[PDB]
Every structure is written in C-alpha cells, then in structure tokens.
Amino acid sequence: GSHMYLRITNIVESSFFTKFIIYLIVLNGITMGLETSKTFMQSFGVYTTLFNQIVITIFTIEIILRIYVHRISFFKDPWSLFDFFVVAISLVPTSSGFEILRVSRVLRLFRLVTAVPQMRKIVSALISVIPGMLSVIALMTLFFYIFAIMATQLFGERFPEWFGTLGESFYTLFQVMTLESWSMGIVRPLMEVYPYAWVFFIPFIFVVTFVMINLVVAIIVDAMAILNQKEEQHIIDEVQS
C-alpha cells in the first residue's frame, strides 16, 4: 500500500480490466474453435497462432498484476489459483512431444467461468453439495474396489479385456453402473462360461443403483429439513413476541 502500488491496483480492479480479459477469452475462445479446421489453419493459421501467445502474454501480465494487487490473498483464492494453473499450462512451450499439454491450452477457455460472476455462482453452488457426499463416495469407491478385486479373480482369466486387471475391472464395473451394454455386452457373454455370473452383477447393479438414488433423496430431503427449522424458529419467535 503506497503511491505506486495503488496505481496498479486501480487498473487491475477496474471493470475495463476484467472486461478486456473477458473479451480476450471469448475472442480466443472463438479462435481456438476456428483453429480446429484444417481448411482455416492452412489459410489464417499464422494469425491465430500469433493471436494465441498475444493472449498468453496479456494473461501472464494480467496474472502478474493481480498477484501484486492481491498479495498472499491471491494464492488462497480458489478462483484465481485456477487461472494461475490454467495459464501456467498454456505457457509450457509447444515443443516437447507431450500431446496432452498442447491440448490443455483449451482449458484457458474456462477462465470465462472464473471471470464471469454469474458462472462462478453456479460452480460454487454445484461444488457446494460435494463435501457432504464425501462419505458416500468413499463407501462407493470402497465397494467398487472390493468388487473390482473379486471380478478380476473371478472373470479375468477367461475375460481379460474386461476383467484381466484391477483397472480393467474398475472400468467394466463403472460401465455396468452406467448400465451401458451391461447385459448384452458384458454379463451375457460372461454367462456362457460362468452361468452364475448374474449373481455378481445384478446385486452390484442393485446396490450401486440404490446408493445413487438415495444420495439424491438424501440431498433433497435433508436440504429442506433445514428450511423447516429456520422457518419454525422464525415462527416461534413472532408467537413469543
């Protein structure tokens, strides 16, 4: 806090700043979707490859700026910690072989979420219900793990594509949980060899399904036992006073 600090802070904290970024984002958003056509890249492919590190430099400056204005507060903000890591990726140079990072650059278009406050709101609402589910996700993951281990031991030797491995079996059990091809694609083939295999997967389909449904019912029915306490408290008070 001083003369020079405050000068920057008023740039960074301005609405022009955030809108310039939001524009860059929507602009580089469109550019990244045009960068998708081989036709376009043969023609205008240099313009957008240059338009790209333009936005990357701007976003780096813009991040640098925000870290000066916000100090340690910046690395405790989940919203901006994101932009940090998402612009960080987009800075790793395109020449190192690893395809996964060149494509990671598109993750910068998620700044439109952190930048726009209406978007931040939804994400925070959606994220907010996760912490209560951690217990049930742990139970479910344990349940998957126990069953993935059993299926490997039961079906992996004859059915190695689907169950040869703790991971192949995790994958198949998830597919079964999504109910996708679970009978025609998986369990019926299984039963030509293991006639009682339906005794494994139907109860799995029952339990995994039952938990999913209850999880939702618990959310709804618990989210509104709370509104019914608040409201009686506000009703008990006006009948006393």
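All residue numbers refer to positions in the sequence shown, first residue = 1.
Of the two segments, 1 to 9 and 231 to 239, the one listed with the higher mean B-factor is 231 to 239 (C-alpha atoms only). When the two stretches 154 to 162 and 121 to 129 are set side by side, the higher mean Cα temperature factor goes to 121 to 129. Of all the options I205, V46, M184, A197, the entry's greatest CA B-factor is assigned to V46. In the PDB entry, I100 places in the highest third of its chain by CA B-factor. Annotation for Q53: C-alpha temperature factor in the highest third relative to the rest of the modelled chain, per the entry. Remark: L215 belongs to the middle third of its chain, ranked by C-alpha B-factor as recorded. Per the PDB record, residue ranking by Cα B-factor puts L91 in the highest third of the chain. Annotation for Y171: CA B-factor lies in the lowest third of the chain's modelled residues.
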